[PDB]
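Each remark here refers to the structure printed beneath this line.
Within every chain, numbering begins at 1; the chains are lettered A, B, ... in the order of the sequence lines, protein sequences first and strands thereafter.
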Amino acid sequence: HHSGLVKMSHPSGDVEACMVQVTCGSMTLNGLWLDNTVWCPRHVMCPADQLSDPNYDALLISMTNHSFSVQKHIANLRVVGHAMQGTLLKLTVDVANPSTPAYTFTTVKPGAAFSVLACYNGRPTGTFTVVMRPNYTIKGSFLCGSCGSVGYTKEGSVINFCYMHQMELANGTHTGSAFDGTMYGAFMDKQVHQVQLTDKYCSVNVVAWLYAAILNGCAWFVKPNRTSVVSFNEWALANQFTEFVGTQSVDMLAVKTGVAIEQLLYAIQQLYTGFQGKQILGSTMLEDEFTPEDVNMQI
Amino acid sequence: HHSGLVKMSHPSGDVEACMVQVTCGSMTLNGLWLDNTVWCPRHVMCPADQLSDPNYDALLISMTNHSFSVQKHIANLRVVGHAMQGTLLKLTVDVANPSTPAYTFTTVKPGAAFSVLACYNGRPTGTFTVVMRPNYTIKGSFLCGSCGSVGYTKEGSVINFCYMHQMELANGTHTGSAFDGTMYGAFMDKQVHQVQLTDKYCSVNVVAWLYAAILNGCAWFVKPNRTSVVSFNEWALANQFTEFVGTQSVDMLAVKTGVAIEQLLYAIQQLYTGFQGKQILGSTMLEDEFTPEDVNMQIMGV
Ligand SMILES: *[C@H](O)[C@H](C[C@@H]1CCNC1=O)NC(=O)[C@H](CC1CCCCC1)NC(=O)OC1CCC(F)(F)CC1
Ligand SMILES: *[C@H](O)[C@H](C[C@@H]1CCNC1=O)NC(=O)[C@H](CC1CCCCC1)NC(=O)OC1CCC(F)(F)CC1
């Protein structure tokens, strides 16, 4: 029995209408056009010469409004302002985006999922869902020209913008900025080798996934035994798991199933070292990319 | 090394602007509004007590234009005509959808992937990608209210509409209609237990996935040895694989890597038994849900 638990993205329509192309001299990439503001990565200012260690203060001083050009493919936009905020540019333009959705800015924490609209030359090309990993990188699919693609969640018709794509690490994973301008995971926007920390299992997501299993008729791993939040978090330090942190969302799953979070924490301690011949939701390894909210929504 | 080979859907905005709610008595579901036409599953006509063997032909005659209420959410639309085409209703409305995309109506074949815009009460809520399986079912996530949700691809500026959701089977998979009004597979729009055929591995997609592995620096499974297409296809009949049919998209993966299809058809015959402790792209079994087009786009960008 297919659980129907699949990797699901938000409808991208509201964001597609905000995507523009931004050019600065020879560099071009994607930006996000909200009201009279265009957001893009500041490295649009770098020539190919100096990608190893750009001087962003000197680059910005050297610029005028006329240094930037914004075009819409998904309108006639003139840049009337330019400023830096962390690793992002905040360009001001003269026309307001008529299709600006209600929005907010949020900084996601490890374990949370968000949707990415991948864009090339301001044209949306694909959408996928990613989980912010405990080492503050994401997987997903990003090729040359995708910088400035944005990640977002939704609450109603309210879009919470949370990610603007910046770079790929040598291991093929990715990182970007929040719209407060800080890079996820302290990475520097310099083309200089930087090492991701080790990845961990997102405990709270693993729990949701086993709840999903129980809801689909797979509960052989539920015993009466319990492990406390506090004991489990001590066990997790030593075994490559994140701190467990309960939510209203996870509690709903306990009520639906009759199974308590503590029972699954114990279950995870045992399953960590193997399934011993058994399957769960078609896997032989614990899965940590489905959040509690995914399981509530989809089952 | 992370491949960058992920489940990726088309941007759904072109399709969001076409989704409406269609109501007929008790039943409510989603519809697809293109120009002056609204398409929806015909069982919206069906009263809840008569779902096991509905007489659609008599249900339709009994309706008037006022029996159908159509609401946009993402105005009210006046129904000025109604007709049945196979398992779908074709409603005519007095306003042409001002945001109709260029579109076609092509039925997809097994192994082909498409994007789904899952909707409830005419409100788009999620998008995901599915593969039409050899037994004409799809996986995905569909709950009460999802009927009339649509699946599509986009080629150039043209959206191809290929799926309108109708039902969930006992094993949790799903099926529906093509926009010519046929149901995929044998299925009928009757709420009755129905025999779905045995599933199979999608050979061409397994080859694309092996090519993605080669491109990502993982080719331990490649040997000089080859199996021809005709020989592989005869073997496939006895081992739960589809016939392999090459395409230009696969040929490009072969040109780019230097590895011939026939070397990968040979490899599949050896990897079917198991990988014997190794992995391919973080997998210990063969993956058949990524197409050659996916691999060309996501790894090479074509
Ligand atoms: C922008 O579109 C592009 C996106 C990349 C291309 C491949 N996959 C992606 O996600 N970003 C870059 O190409 C990025 C540009 C530079 C510009 C100067 C400031 C810093 C970013 N370079 C990049 O991602 O290269 C990696 C190399 C390995 C590293 F660890 F050093 C980080 C930078
Ligand atoms: C329409 O929105 C709905 C979508 C279903 C509900 C649960 N998941 C889905 O994908 N479709 C139906 O409910 C469908 C309607 C009938 C009405 C007469 C014409 C033919 C289809 N019935 C259906 O899917 O029955 C299933 C329910 C799930 C099951 F496992 F119990 C087997 C029968």
4.5 Å side-chain heavy-atom contact, A:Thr127 and B:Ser12
no
Partners of B:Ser99 by side-chain contact (heavy atoms from CB on, under 4.5 Å), sequence neighbours excluded?
B:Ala17, B:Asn97
List the residues meeting side chain to side chain donor-acceptor pair (under 3.5 Å) with A:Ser146, not counting sequence neighbours, and say none if there are none.
none
Considering all heavy atoms of both residues, which atom of B:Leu143 and which atom of A:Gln298 are nearest to each other, and what is their separation?
CD2-O, 3.7 Å
Give a yes or no answer on whether the side chain of B:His2 reaches the backbone of A:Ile138 with a donor-acceptor pair at less than 3.5 Å.
no
Which heavy-atom pair separates B:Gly13 from A:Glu16 by the least distance, and what is that distance?
N-OE2, 2.9 Å
B:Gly4 backbone acceptor or donor facing A:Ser141 side chain under 3.5 Å
yes
Roughly how far apart are A:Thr173 OG1 and B:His1 NE2, rounded to 0.5 Å?
8.5 Å
